[PDB]
Amino acid sequence: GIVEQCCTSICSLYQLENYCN
Amino acid sequence: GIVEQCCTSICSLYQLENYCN
Amino acid sequence: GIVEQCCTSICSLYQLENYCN
Amino acid sequence: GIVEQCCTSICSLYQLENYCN
Amino acid sequence: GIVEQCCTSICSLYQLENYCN
Amino acid sequence: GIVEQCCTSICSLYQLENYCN
Amino acid sequence: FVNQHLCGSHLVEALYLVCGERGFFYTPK
Amino acid sequence: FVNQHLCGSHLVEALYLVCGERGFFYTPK
Amino acid sequence: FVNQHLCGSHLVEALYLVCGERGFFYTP
Amino acid sequence: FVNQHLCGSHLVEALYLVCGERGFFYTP
Amino acid sequence: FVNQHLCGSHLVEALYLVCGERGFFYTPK
Amino acid sequence: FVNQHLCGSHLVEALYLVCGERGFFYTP
Ligand SMILES: *C(=O)CC[C@H](NC(=O)CCCCCCCCCCCCCCC(=O)O)C(=O)O
Ligand SMILES: *C(=O)CC[C@H](NC(=O)CCCCCCCCCCCCCCC(=O)O)C(=O)O
Ligand SMILES: Oc1cccc(O)c1
Ligand SMILES: Oc1cccc(O)c1
Ligand SMILES: Oc1cccc(O)c1
Ligand SMILES: Oc1cccc(O)c1
Ligand SMILES: Oc1cccc(O)c1
Ligand SMILES: Oc1cccc(O)c1
Ligand code: NA
Ligand code: NA
Ligand SMILES: [Zn+2]
Ligand SMILES: [Zn+2]
């Protein structure tokens, strides 16, 4: 999930935007 | 300056990117 | 929605539970 | 104190309340 | 009250330090 | 720089003045 | 409005704290 | 668990700014 | 009032940074 | 070591929300 | 006044997020 | 690790408060 992905290595804004509605 | 500009009307992350190094 | 309900008058932490999954 | 307790393990809301007046 | 004094005008770090223990 | 200087050990607010304009 | 944008940042922080393992939905409408 | 808790706090603030008026769900996890 | 509520969040963070090891009392 | 300093910042913000008008002392 | 001051704190957080490892110059002037 | 990314967020917030009149230059 998002914590596993983005607390392992930095998520870009593009990567974060995948988690938006 | 930027605070007046962006505290009067919302500045998007796209708009803010041009202020990066 | 949460902005209408909580951005003028303070929503308690108990009221904010309404927006938990 | 609160740092030794709550920066070693996550304090819940209820546990934090221990530290209110 | 800090809220009355520092949300009604901007308080410097020096002014805020008065509220320290 | 600031990350080498301040993300390993705590920089005081005096130390952080090094990065003011 | 900017005020609502600033309010929302604080709302998300509060929901993160209140909701714990449940998580939350942020739906500004 | 504290480190993950703190990281998640930062993450939801970033998602708030990226998603804007679309909002988002935060679902541990 | 939400504006006061939100201001207080910033006050407590600034006090945390200013007061350092001394800590502070937050009394609304 | 910075993690206690950074965690403390998050902790006072959480205390502010939990304690409300009751207030709190912050004392490391 | 205080409004501006606190809004500016959020503004620099948004700059930080978008700029990442590049960093940024901030002036209120 | 993401630690330095998260620390930078805290750094900028502190710089905003310390460097009131003239702002700051954040270069990691
Ligand atoms: C909740 O997420 C359950 C998920 C869980 N595990 C993972 O997702 C993977 C492990 C996360 C790595 C955490 C590293 C975060 C580093 C944070 C820095 C700590 C200090 C922060 C100080 C500051 O506030 O800046 C699972 O079970 O899958
Ligand atoms: C969407 O576009 C908003 C539209 C609006 N709908 C509403 O405002 C209704 C939202 C759903 C929740 C209503 C539940 C009503 C029960 C009130 C409980 C009050 C209890 C006090 C404690 C507490 O605040 O939790 C519309 O267009 O109709
Ligand atoms: O990978 C991450 C974690 C937290 C905030 C962020 O912008 C990115
Ligand atoms: O226009 C603004 C002002 C403050 C924060 C932000 O993300 C945008
Ligand atoms: O009503 C609100 C608005 C923003 C944050 C909060 O804890 C409550
Ligand atoms: O144990 C903690 C530490 C920091 C914030 C929090 O909500 C709980
Ligand atoms: O007057 C204020 C109010 C809130 C935070 C701060 O640094 C100053
Ligand atoms: O050393 C640091 C790192 C981040 C914030 C701060 O106030 C000090
Ligand atoms: Na609506
Ligand atoms: Na945010
Ligand atoms: Zn704010
Ligand atoms: Zn942090």
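The sequence lines fix the lettering, A, B, ..., with proteins before strands; numbering per chain opens at 1. Just so you know, these numbers use all the heavy atoms, side chains as well, and skip hydrogens, waters and symmetry mates. Every number for a ligand or one of its atoms is a count from 1 in the order of the listing.
- Interface atoms of ligand 8 facing F:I10, defined by a heavy-atom separation under 4.0 Å, are 1 (O).
- Counting heavy atoms under 4.0 Å from ligand 6, residue D:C6 touches it through both backbone and side chain.
- The J:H5 neighbourhood of ligand 8 comprises atoms 6 (C), 7 (O), 8 (C), with distances under 4.0 Å to a heavy atom of that residue.
- Sulfur atoms SG of B:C6 and K:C7 are positioned 2.5 Å or more apart.
- Near J:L6, the atoms of ligand 8 lying under 4.0 angstrom from a non-hydrogen atom of the residue are 4 (C).
- C:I2 has its side chain out of reach of C:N18: every pair of non-hydrogen atoms, C-beta onward, lies at least 4.5 Å apart.
- Ring pair G:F25/H:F25 is perpendicular by interplanar angle, where above 60° counts as perpendicular and below 30° as parallel.
- Residue J:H10 has no nitrogen or oxygen atom sitting less than 3.5 Å from a nitrogen or oxygen atom of ligand 6, judged on distance alone.
- Close placement of the I:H5 and J:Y16 rings is indicated, their centers lying within 6.0 Å of each other.
- Classification of E:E17 and I:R22 as a salt-bridged pair fails, no side-chain N sitting under 4.0 Å from a carboxylate O.
- Using the six-membered ring where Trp is involved, J:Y26 and I:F24 have ring planes that are tilted, between 30° and 60° apart.
- Among all non-hydrogen protein atoms, the one lying nearest atom 4 (C) of ligand 8 is L:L11 CD2, 3.5 Å.
- Contacts between I:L17 and ligand 8, counted as non-hydrogen atom pairs separated by less than 4.0 Å, involve the side chain only.
- A donor-acceptor contact under 3.5 angstrom links the side chains of I:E13 and J:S9, judged on distance only.
- At least one heavy atom of D:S9 sits closer than 4.0 Å to an atom of ligand 6.
- Contact annotation: H:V2 has no heavy atom less than 4.0 Å from any atom of ligand 6.
- Judged by distance alone, the side chains of A:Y19 and A:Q5 do bring a donor and an acceptor atom under 3.5 Å apart.
- Atoms of ligand 8 found under 4.0 Å from any heavy atom of L:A14, numbered from 1 in the order shown, are 7 (O).
- The shortest separation from a heavy atom of J:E13 to ligand 6 is not under 4.0 Å, leaving the residue out of contact.
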